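Raw start26.pdb, PDB, C-alpha atoms (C1' of nucleotides) and all ligand atoms:
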```
ATOM      1  CA  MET A   1       0.000   0.000   0.000  1.00  0.00           C
ATOM      2  CA  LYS A   2       1.161   3.541  -0.788  1.00  0.00           C
ATOM      3  CA  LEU A   3       1.471   6.130   1.963  1.00  0.00           C
ATOM      4  CA  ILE A   4       2.049   9.871   2.250  1.00  0.00           C
ATOM      5  CA  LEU A   5       4.062  10.006   5.434  1.00  0.00           C
ATOM      6  CA  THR A   6       3.950  12.809   7.984  1.00  0.00           C
ATOM      7  CA  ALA A   7       6.930  12.245  10.286  1.00  0.00           C
ATOM      8  CA  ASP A   8      10.494  11.322   9.321  1.00  0.00           C
ATOM      9  CA  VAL A   9      11.225   7.603   8.992  1.00  0.00           C
ATOM     10  CA  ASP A  10      14.726   6.253   8.495  1.00  0.00           C
ATOM     11  CA  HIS A  11      15.184   4.012   5.423  1.00  0.00           C
ATOM     12  CA  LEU A  12      11.746   5.061   4.136  1.00  0.00           C
ATOM     13  CA  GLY A  13      11.623   8.781   3.373  1.00  0.00           C
ATOM     14  CA  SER A  14      11.397  12.400   4.446  1.00  0.00           C
ATOM     15  CA  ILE A  15       8.152  14.307   5.028  1.00  0.00           C
ATOM     16  CA  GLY A  16       5.521  14.437   2.323  1.00  0.00           C
ATOM     17  CA  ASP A  17       6.883  12.063  -0.330  1.00  0.00           C
ATOM     18  CA  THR A  18       4.603   9.229  -1.386  1.00  0.00           C
ATOM     19  CA  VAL A  19       6.005   5.709  -1.080  1.00  0.00           C
ATOM     20  CA  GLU A  20       4.597   2.195  -1.406  1.00  0.00           C
ATOM     21  CA  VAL A  21       5.273  -0.088   1.558  1.00  0.00           C
ATOM     22  CA  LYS A  22       4.723  -3.783   2.276  1.00  0.00           C
ATOM     23  CA  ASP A  23       1.171  -3.385   3.704  1.00  0.00           C
ATOM     24  CA  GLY A  24       1.909  -4.834   7.140  1.00  0.00           C
ATOM     25  CA  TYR A  25       4.342  -2.051   7.933  1.00  0.00           C
ATOM     26  CA  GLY A  26       1.512   0.333   7.072  1.00  0.00           C
ATOM     27  CA  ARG A  27      -1.464  -0.786   9.120  1.00  0.00           C
ATOM     28  CA  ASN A  28       0.560  -2.001  12.126  1.00  0.00           C
ATOM     29  CA  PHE A  29       3.275   0.602  12.579  1.00  0.00           C
ATOM     30  CA  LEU A  30       2.940   3.744  10.458  1.00  0.00           C
ATOM     31  CA  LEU A  31      -0.836   4.305  10.548  1.00  0.00           C
ATOM     32  CA  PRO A  32      -1.565   3.645  14.285  1.00  0.00           C
ATOM     33  CA  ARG A  33       1.436   5.768  15.292  1.00  0.00           C
ATOM     34  CA  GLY A  34       0.315   8.643  13.061  1.00  0.00           C
ATOM     35  CA  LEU A  35       3.525   8.614  11.009  1.00  0.00           C
ATOM     36  CA  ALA A  36       1.619   8.342   7.709  1.00  0.00           C
ATOM     37  CA  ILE A  37      -1.745   8.550   5.977  1.00  0.00           C
ATOM     38  CA  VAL A  38      -3.154   7.015   2.794  1.00  0.00           C
ATOM     39  CA  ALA A  39      -2.509   8.405  -0.693  1.00  0.00           C
ATOM     40  CA  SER A  40      -5.893   9.369  -2.154  1.00  0.00           C
ATOM     41  CA  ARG A  41      -6.097  13.166  -1.805  1.00  0.00           C
ATOM     42  CA  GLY A  42      -3.047  14.234   0.234  1.00  0.00           C
ATOM     43  CA  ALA A  43      -0.960  14.552  -2.922  1.00  0.00           C
ATOM     44  CA  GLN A  44      -3.145  17.576  -3.659  1.00  0.00           C
ATOM     45  CA  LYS A  45      -2.832  18.629  -0.011  1.00  0.00           C
ATOM     46  CA  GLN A  46       0.922  18.304  -0.439  1.00  0.00           C
ATOM     47  CA  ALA A  47       0.869  20.041  -3.830  1.00  0.00           C
TER      48      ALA A  47
ATOM     49  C1'   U B   1     -54.459 -80.397  20.829  1.00  0.00           C
ATOM     50  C1'   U B   2     -58.077 -81.359  16.874  1.00  0.00           C
ATOM     51  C1'   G B   3     -58.908 -83.333   8.177  1.00  0.00           C
ATOM     52  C1'   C B   4     -62.127 -87.222   9.481  1.00  0.00           C
ATOM     53  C1'   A B   5     -63.745 -91.941  12.725  1.00  0.00           C
ATOM     54  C1'   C B   6     -68.677 -97.844  14.901  1.00  0.00           C
ATOM     55  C1'   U B   7     -59.553 -95.804  15.012  1.00  0.00           C
ATOM     56  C1'   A B   8     -57.525-104.636  16.310  1.00  0.00           C
ATOM     57  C1'   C B   9     -53.293-108.130  15.283  1.00  0.00           C
ATOM     58  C1'   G B  10     -49.896-111.238  12.081  1.00  0.00           C
ATOM     59  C1'   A B  11     -47.329-112.037   7.431  1.00  0.00           C
ATOM     60  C1'   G B  12     -46.952-109.016   3.339  1.00  0.00           C
ATOM     61  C1'   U B  13     -47.313-104.565   0.072  1.00  0.00           C
ATOM     62  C1'   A B  14     -46.503 -99.385  -0.838  1.00  0.00           C
ATOM     63  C1'   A B  15     -42.572 -92.561  -0.684  1.00  0.00           C
ATOM     64  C1'   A B  16     -38.679 -98.815   1.019  1.00  0.00           C
ATOM     65  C1'   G B  17     -40.899 -98.752   9.417  1.00  0.00           C
ATOM     66  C1'   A B  18     -49.515 -99.274   7.898  1.00  0.00           C
ATOM     67  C1'   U B  19     -55.796 -98.575  12.595  1.00  0.00           C
ATOM     68  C1'   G B  20     -57.180 -97.380   7.137  1.00  0.00           C
ATOM     69  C1'   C B  21     -54.210-101.389   1.111  1.00  0.00           C
ATOM     70  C1'   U B  22     -53.922-107.585   0.002  1.00  0.00           C
ATOM     71  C1'   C B  23     -54.531-112.352   2.281  1.00  0.00           C
ATOM     72  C1'   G B  24     -55.637-114.410   6.696  1.00  0.00           C
ATOM     73  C1'   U B  25     -56.415-114.716  12.135  1.00  0.00           C
ATOM     74  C1'   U B  26     -58.823-112.695  16.480  1.00  0.00           C
ATOM     75  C1'   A B  27     -62.619-109.733  18.801  1.00  0.00           C
ATOM     76  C1'   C B  28     -70.468-109.057  22.474  1.00  0.00           C
ATOM     77  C1'   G B  29     -72.000-103.113  23.331  1.00  0.00           C
ATOM     78  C1'   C B  30     -70.514 -99.186  26.973  1.00  0.00           C
ATOM     79  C1'   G B  31     -67.792 -97.300  31.285  1.00  0.00           C
ATOM     80  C1'   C B  32     -63.949 -96.846  35.847  1.00  0.00           C
ATOM     81  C1'   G B  33     -58.914 -97.163  37.630  1.00  0.00           C
ATOM     82  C1'   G B  34     -53.725 -97.965  36.262  1.00  0.00           C
ATOM     83  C1'   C B  35     -49.125 -98.583  32.698  1.00  0.00           C
ATOM     84  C1'   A B  36     -46.440 -95.857  28.942  1.00  0.00           C
ATOM     85  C1'   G B  37     -45.003 -99.869  23.435  1.00  0.00           C
ATOM     86  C1'   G B  38     -47.115 -97.224  18.765  1.00  0.00           C
ATOM     87  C1'   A B  39     -50.070 -93.237  16.755  1.00  0.00           C
ATOM     88  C1'   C B  40     -42.676 -91.618  12.875  1.00  0.00           C
ATOM     89  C1'   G B  41     -47.377 -88.551  20.150  1.00  0.00           C
ATOM     90  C1'   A B  42     -47.563 -82.742  21.602  1.00  0.00           C
ATOM     91  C1'   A B  43     -44.534 -78.327  21.833  1.00  0.00           C
ATOM     92  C1'   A B  44     -40.988 -75.037  18.987  1.00  0.00           C
ATOM     93  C1'   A B  45     -41.462 -72.845   9.762  1.00  0.00           C
ATOM     94  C1'   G B  46     -34.028 -77.973  12.936  1.00  0.00           C
ATOM     95  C1'   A B  47     -29.843 -74.560  16.742  1.00  0.00           C
ATOM     96  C1'   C B  48     -26.477 -79.589  13.423  1.00  0.00           C
ATOM     97  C1'   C B  49     -25.523 -79.782   7.856  1.00  0.00           C
ATOM     98  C1'   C B  50     -25.803 -77.438   3.133  1.00  0.00           C
ATOM     99  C1'   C B  51     -27.627 -73.333  -0.186  1.00  0.00           C
ATOM    100  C1'   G B  52     -29.260 -67.760  -0.326  1.00  0.00           C
ATOM    101  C1'   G B  53     -29.298 -63.277   2.752  1.00  0.00           C
ATOM    102  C1'   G B  54     -27.612 -60.479   7.068  1.00  0.00           C
ATOM    103  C1'   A B  55     -24.958 -58.921  11.179  1.00  0.00           C
ATOM    104  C1'   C B  56     -20.712 -58.238  14.295  1.00  0.00           C
ATOM    105  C1'   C B  57     -15.244 -59.428  14.719  1.00  0.00           C
ATOM    106  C1'   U B  58     -10.097 -59.734  12.273  1.00  0.00           C
ATOM    107  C1'   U B  59      -5.994 -58.314   9.191  1.00  0.00           C
ATOM    108  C1'   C B  60       0.484 -57.136   5.422  1.00  0.00           C
ATOM    109  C1'   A B  61      -7.965 -57.925   1.358  1.00  0.00           C
ATOM    110  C1'   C B  62     -10.133 -53.147  -1.518  1.00  0.00           C
ATOM    111  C1'   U B  63     -11.605 -48.114  -1.491  1.00  0.00           C
ATOM    112  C1'   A B  64     -12.354 -44.045   1.580  1.00  0.00           C
ATOM    113  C1'   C B  65     -12.391 -40.943   6.087  1.00  0.00           C
ATOM    114  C1'   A B  66     -11.240 -38.809  11.288  1.00  0.00           C
ATOM    115  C1'   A B  67      -7.010 -38.194  13.966  1.00  0.00           C
ATOM    116  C1'   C B  68      -1.660 -37.088  13.765  1.00  0.00           C
ATOM    117  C1'   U B  69       2.045 -34.976  10.545  1.00  0.00           C
ATOM    118  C1'   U B  70       5.198 -32.361   5.870  1.00  0.00           C
ATOM    119  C1'   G B  71       6.104 -28.201   2.798  1.00  0.00           C
ATOM    120  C1'   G B  72       4.111 -23.753   0.110  1.00  0.00           C
ATOM    121  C1'   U B  73       0.923 -19.509   0.801  1.00  0.00           C
ATOM    122  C1'   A B  74      -2.224 -15.804   3.616  1.00  0.00           C
ATOM    123  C1'   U B  75      -2.501 -13.602   8.526  1.00  0.00           C
ATOM    124  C1'   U B  76       3.168 -11.354   8.302  1.00  0.00           C
ATOM    125  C1'   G B  77       6.514  -6.506   9.880  1.00  0.00           C
ATOM    126  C1'   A B  78      11.491  -3.853  10.383  1.00  0.00           C
ATOM    127  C1'   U B  79      17.098  -4.295  10.193  1.00  0.00           C
ATOM    128  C1'   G B  80      21.933  -6.322   9.732  1.00  0.00           C
ATOM    129  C1'   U B  81      24.849 -10.242   7.787  1.00  0.00           C
TER     130        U B  81
HETATM  131  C1  LIG C 101     -23.729 -81.827  16.330  1.00  0.00           C
HETATM  132  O1  LIG C 101     -23.073 -80.795  16.476  1.00  0.00           O
HETATM  133  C2  LIG C 101     -25.042 -82.034  17.069  1.00  0.00           C
HETATM  134  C3  LIG C 101     -25.936 -82.978  16.242  1.00  0.00           C
HETATM  135  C4  LIG C 101     -27.373 -82.917  16.691  1.00  0.00           C
HETATM  136  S1  LIG C 101     -27.994 -84.573  16.615  1.00  0.00           S
HETATM  137  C5  LIG C 101     -29.595 -84.368  15.930  1.00  0.00           C
HETATM  138  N1  LIG C 101     -25.673 -80.776  17.336  1.00  0.00           N
HETATM  139  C6  LIG C 101     -25.443 -80.037  18.472  1.00  0.00           C
HETATM  140  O2  LIG C 101     -26.001 -78.953  18.681  1.00  0.00           O
HETATM  141 MG    MG C 102      -0.733  -8.566   1.948  1.00  0.00          MG
HETATM  142 MG    MG C 103     -47.528-104.403   9.484  1.00  0.00          MG
HETATM  143 MG    MG C 104     -53.466-105.230   8.002  1.00  0.00          MG
HETATM  144 MG    MG C 105     -61.729 -99.533   3.944  1.00  0.00          MG
HETATM  145 MG    MG C 106     -62.082-104.179  20.406  1.00  0.00          MG
HETATM  146 MG    MG C 107     -58.620 -96.022  30.582  1.00  0.00          MG
HETATM  147 MG    MG C 108     -41.966 -91.003  21.450  1.00  0.00          MG
HETATM  148 MG    MG C 109     -43.071 -84.587  17.019  1.00  0.00          MG
HETATM  149 MG    MG C 110     -36.627 -74.927   7.855  1.00  0.00          MG
HETATM  150 MG    MG C 111       1.212 -27.007   8.522  1.00  0.00          MG
HETATM  151 MG    MG C 112       0.351 -22.882   7.087  1.00  0.00          MG
END
```

Take the structure I supplied and represent it as structure tokens, if you would.
Amino acid sequence: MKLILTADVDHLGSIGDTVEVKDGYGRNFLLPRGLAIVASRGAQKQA
RNA sequence: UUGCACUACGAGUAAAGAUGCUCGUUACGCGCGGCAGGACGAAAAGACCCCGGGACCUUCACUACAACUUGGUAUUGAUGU
């Protein structure tokens, strides 16, 4: 699943860049901790 | 229990062991008490045996299945080597 992240994650990206991740790292670690959101409209709220 | 009935015996004969058929012999009609030789006595659609069917049991008979177990894949991520 692809994510527009909000914090800084080592080995994954800086703020705001969209990146696809292995779908268990998304819903278990980056989404409950608030470090990312989905990529459906935030690319327009980043651009 | 019961097809009948004024239901003898001998030698025969016959589905090959006869109250009932042949040839003889014997026996007045009807009861009561006893005995248990026959009526292949009664009872039980022979348990034996065989044929057909069934059931349960056995196992290195056949096919399955539970259980137990093997790997892949999903749940399932991150980082070094
Ligand atoms: C033999 O096993 C025996 C014979 C019966 S005699 C008519 N049966 C026993 O049950
Ligand atoms: Mg997945
Ligand atoms: Mg005779
Ligand atoms: Mg005679
Ligand atoms: Mg006569
Ligand atoms: Mg007489
Ligand atoms: Mg008498
Ligand atoms: Mg007798
Ligand atoms: Mg009898
Ligand atoms: Mg019989
Ligand atoms: Mg397994
Ligand atoms: Mg498995």

>> To test your reading of the syntax: which residues would the PyMOL selection byres (((chain A and resi 29-46) around 12) and not hetatm) return for the file shown? Reply as an NGL selection string.
In response: (:A and (1-10 or 12-28 or 47)) or (:B and (77-78))

> Expanded to explicit residues, what is the PyMOL selection byres (((not hetatm)) within 10 of (chain C and resi 112)) for this file, as a ChimeraX atom specification?
Replying inline: /B:71-75

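Using only C-alpha atoms (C1' of nucleotides) and all ligand atoms, residues with at least one atom at most 9 Å away from any atom of ligand MG 107 (chain C) are residues 32, 33 and 34 of chain B.
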
> Quick one: distance from atom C3 of ligand LIG 101 (chain C) to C1' of residue 52 in chain B in Å, one decimal?
Replying inline: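 A separation of 22.7 Å between them.
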
> Selected by the PyMOL selection byres (((not hetatm)) within 12 of (chain C and resi 109)) in the shown coordinates: which residues, as number ranges by chain?
Replying inline: B: 39-44, 46

> Please, which residues have at least one atom within 8 Å of an atom of ligand MG 103 (chain C), using all atoms listed in the file, listed as a count of residues only?
Replying inline: 4

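Between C1' of residue 8 in chain B and atom MG of ligand MG 106 (chain C) the interatomic distance comes to 6.1 Å.
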
> Rounded to one decimal in Å, what is the spacing between atom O2 of ligand LIG 101 (chain C) and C1' of residue 55 in chain B?
Replying inline: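 Between atom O2 of ligand LIG 101 (chain C) and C1' of residue 55 in chain B the gap works out to 21.4 Å.
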
> Which chains and residue numbers are within 10 Å of ligand LIG 101 (chain C), counting only C-alpha atoms (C1' of nucleotides) and all ligand atoms, if I want them as JSON, numbers by chain?
Replying inline: {"B": [46, 47, 48, 49]}

> Once you count all atoms listed in the file, which residues end up within 12 Å of ligand MG 105 (chain C), and could you hand them over as a PyMOL selection string?
Replying inline: chain B and resi 5+7+19-22

For the selection just defined, write its residues with C-alpha atoms (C1' of nucleotides) to a file, as a PDB file, keeping the file's coordinate frame.
```
ATOM      1  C1'   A B   5     -63.745 -91.941  12.725  1.00  0.00           C
ATOM      2  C1'   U B   7     -59.553 -95.804  15.012  1.00  0.00           C
ATOM      3  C1'   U B  19     -55.796 -98.575  12.595  1.00  0.00           C
ATOM      4  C1'   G B  20     -57.180 -97.380   7.137  1.00  0.00           C
ATOM      5  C1'   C B  21     -54.210-101.389   1.111  1.00  0.00           C
ATOM      6  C1'   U B  22     -53.922-107.585   0.002  1.00  0.00           C
TER       7        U B  22
END
```

> Which one of B:62, B:68, B:4, B:30 sits closest to ligand MG 111 (chain C) if you count only C-alpha atoms (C1' of nucleotides) and all ligand atoms?
Replying inline: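 For ligand MG 111 (chain C), the nearest of the given residues is B:68.
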
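Each of B:70, B:76, B:63, B:16 was checked against ligand MG 102 (chain C) using only C-alpha atoms (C1' of nucleotides) and all ligand atoms; the smallest atom-to-atom distance is that of B:76.
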